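Before any comments, here is the structure.
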Amino acid sequence: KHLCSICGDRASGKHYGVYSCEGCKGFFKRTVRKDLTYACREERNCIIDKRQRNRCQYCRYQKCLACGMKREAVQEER
Amino acid sequence: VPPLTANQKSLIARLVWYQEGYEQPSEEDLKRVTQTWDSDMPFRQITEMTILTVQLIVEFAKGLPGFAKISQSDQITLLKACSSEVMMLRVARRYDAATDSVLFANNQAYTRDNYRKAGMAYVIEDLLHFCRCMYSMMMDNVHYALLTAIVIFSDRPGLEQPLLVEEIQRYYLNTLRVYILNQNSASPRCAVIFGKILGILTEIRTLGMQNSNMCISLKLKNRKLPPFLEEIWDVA
Amino acid sequence: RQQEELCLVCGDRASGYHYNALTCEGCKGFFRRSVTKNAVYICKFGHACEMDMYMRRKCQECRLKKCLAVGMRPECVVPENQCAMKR
DNA sequence: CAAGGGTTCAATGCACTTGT
DNA sequence: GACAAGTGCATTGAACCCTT
Ligand SMILES: CC(C)CC[C@@H](O)[C@](C)(O)[C@H]1CC[C@@]2(O)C3=CC(=O)[C@@H]4C[C@@H](O)[C@@H](O)C[C@]4(C)[C@H]3CC[C@]12C
């Protein structure tokens, strides 16, 4: 029923602390697992919605953080 | 999500071996009965072939772990009740969906029409339905061997050490559980499979009574049912 | 005036003319893949999805219909020229 | 069963190479 | 060159599995 708090896509439930879609779930997992750092090619205020969330990895990750996603909730690879 | 002991696999192995060891009657026996280059012909073959089937079924039963631990009284008790029900598992294995017929050990296909002629017209419509149901079941030779074993140590009336057999059976019942638990992800469907299989037991009980009624409705038609069969199925 | 060259299919930033239509890399690749496989898609909605950056990933049937409607030429995807007899 | 951890892998799309 | 067609492959995310 819920919406992803990051992008507005249909949430599949809570993930890593926040209501979020499979997209943002999968993205946050891969970012934390690999310990990736991104660089915005704009002004670090890019639009992150259901339409253009894939345009800026830095801004998508920062928005996961601001929404309340917890790096600690991401477990070791199994 | 465990595997199986050595016993278990030695048994499964063993059972899969005896099964092929006895699926058909020897080349000489088969040759002797099938000699020949009028409603007594289909009748003779069907009845004569059944006497071979039963024999094989009996010997297989003795090649079973724990069987010799049974009182001769019980042994003839278990065997006497299983004879007709296993013979059922074995007609399923030689059923051909393409022709809806049963294939005798001499490679001949017997249709619902042949069983008519021989006066077995009563037993066939149901026997063939059970085959179609065992077909879509799609079972492997382990199942079939294990299942068979089970049927044999199935609780029967007249049993002296009833509680004994129950366990001699609990083993095979258990082995089957495991083998199914490995062959597929020990997931939900794992029981669903174990169940449909154990269900074969109850259907095999209905086809057993029909075989008996056929023996009856045959003695009554004054038609010599081999003494051997009349004896083993308690056909009065 | 022209602040951004627009993909005629989805409205994403167009990278150039692909198979005779101003399209993004996403729609270019989707169209080429759809044509080379001769893919037949089945919309699981109402057979009338408006294409954007969200819906383009959601409905392959309507995206392909939009690619054609915009003027993408399927005959221009790996035609039988000398270069193809190569690979 | 549901939730929220996990994983998978075909489709995707960015960056590239090839041909004119 | 600059463009458009073709290619390589890392990333995406819908659909699963697993444990509480
Ligand atoms: C009353 C009694 C005679 C009736 C029994 C009938 O209804 C049955 C069940 O229909 C009988 C008739 C003949 C029959 O004994 C057989 C012939 C074979 O050739 C073979 C011999 C041997 O390879 C068996 O492992 C399988 C099979 C196909 C058996 C199965 C049971 C059959 C098919």
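Chain labels run A, B, ... following the order of the structure tokens; each chain numbers its residues from 1, and ligands are numbered from 1 in the order shown.
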
message: Which residues are near residue D:11? Cut-off 10 Å, only C-alpha atoms (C1' of nucleotides), ignore same chain within fewer than 6 positions. Put them as number ranges by chain.
response: C: 30, 33, 57; E: 12-13

Write the residues of the preceding selection, restricted to C-alpha atoms (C1' of nucleotides), as a tab-separated table (two decimals), in the first residue's frame.
```tsv
chain	number	residue	atom	x	y	z
C	30	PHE	CA	15.50	-1.54	-26.60
C	33	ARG	CA	17.09	-5.80	-29.18
C	57	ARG	CA	10.84	-0.07	-18.12
E	12	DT	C1'	18.99	-2.28	-12.26
E	13	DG	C1'	14.93	-4.19	-9.98
```

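Those protein and nucleic acid residues that have any atom within 7 Å of ligand 1 are, using only C-alpha atoms (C1' of nucleotides) and all ligand atoms, residues 23, 24, 25, 46, 47, 49, 50, 51, 52, 53, 87, 88, 90, 91, 94, 102, 103, 104, 105, 106, 120, 123, 124, 211, 214 and 215 of chain B.
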
- request: Pull out every residue of chain C sitting within 12 Å of chain E, counting only C-alpha atoms (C1' of nucleotides), and send them as a VMD selection string.
  value: chain C and resid 15 to 23 25 28 to 29 32 to 33 36 57 to 58 76 to 79 83 to 84 87

field: atom CA of residue A:34 to atom CA of residue A:51, straight-line distance in Å
entry: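 Calculated distance between atom CA of residue A:51 and atom CA of residue A:34 is 25.2 Å.
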
- line: Between B:167, B:140, B:74, B:40, smallest distance to residue B:224 by only C-alpha atoms belongs to B:40

message: At a cut-off of 12 Å, which residues of chain D touch chain C? Count only C-alpha atoms (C1' of nucleotides) and give the answer as a PyMOL selection string.
response: chain D and resi 11-15+18-20

Sort by chain and increasing residue number a table of all residues of chain D within 9 Å of chain A, each with its closest pair of atoms and their distance in Å to one decimal, counting only C-alpha atoms (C1' of nucleotides), and write it as a Markdown table.
```
| residue | atom | partner | partner_atom | distance |
| --- | --- | --- | --- | --- |
| D:3 | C1' | A:13 | CA | 7.8 |
| D:4 | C1' | A:15 | CA | 6.5 |
| D:5 | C1' | A:75 | CA | 7.8 |
| D:6 | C1' | A:78 | CA | 7.3 |
| D:7 | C1' | A:78 | CA | 8.5 |
```

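Neighbours of residue B:35 closer than or equal to 12 Å, with only C-alpha atoms (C1' of nucleotides) counted and sequence neighbours fewer than 3 positions away skipped, come out as residues 27, 28, 29, 30, 31, 32, 41, 44, 45, 48 and 106 of chain B.
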
task: Tell me the residues of chain C close to chain A, meaning within 8 Å using only C-alpha atoms, as a PyMOL selection string.
output: chain C and resi 52-54

Based on the selection just made, write N, CA, C and O atoms of those residues as a PDB file, in the first residue's frame.
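See again.pdb below for the written result:
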```
ATOM      1  N   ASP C  52       7.121   7.331 -20.548  1.00  0.00           N
ATOM      2  CA  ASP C  52       8.075   8.239 -19.889  1.00  0.00           C
ATOM      3  C   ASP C  52       9.252   7.392 -19.364  1.00  0.00           C
ATOM      4  O   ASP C  52       9.224   6.169 -19.482  1.00  0.00           O
ATOM      5  N   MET C  53      10.118   8.015 -18.567  1.00  0.00           N
ATOM      6  CA  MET C  53      11.279   7.309 -17.982  1.00  0.00           C
ATOM      7  C   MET C  53      10.926   6.181 -16.992  1.00  0.00           C
ATOM      8  O   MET C  53      11.690   5.230 -16.847  1.00  0.00           O
ATOM      9  N   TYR C  54       9.742   6.262 -16.388  1.00  0.00           N
ATOM     10  CA  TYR C  54       9.228   5.214 -15.484  1.00  0.00           C
ATOM     11  C   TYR C  54       8.535   4.064 -16.242  1.00  0.00           C
ATOM     12  O   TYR C  54       8.911   2.904 -16.112  1.00  0.00           O
TER      13      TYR C  54
END
```
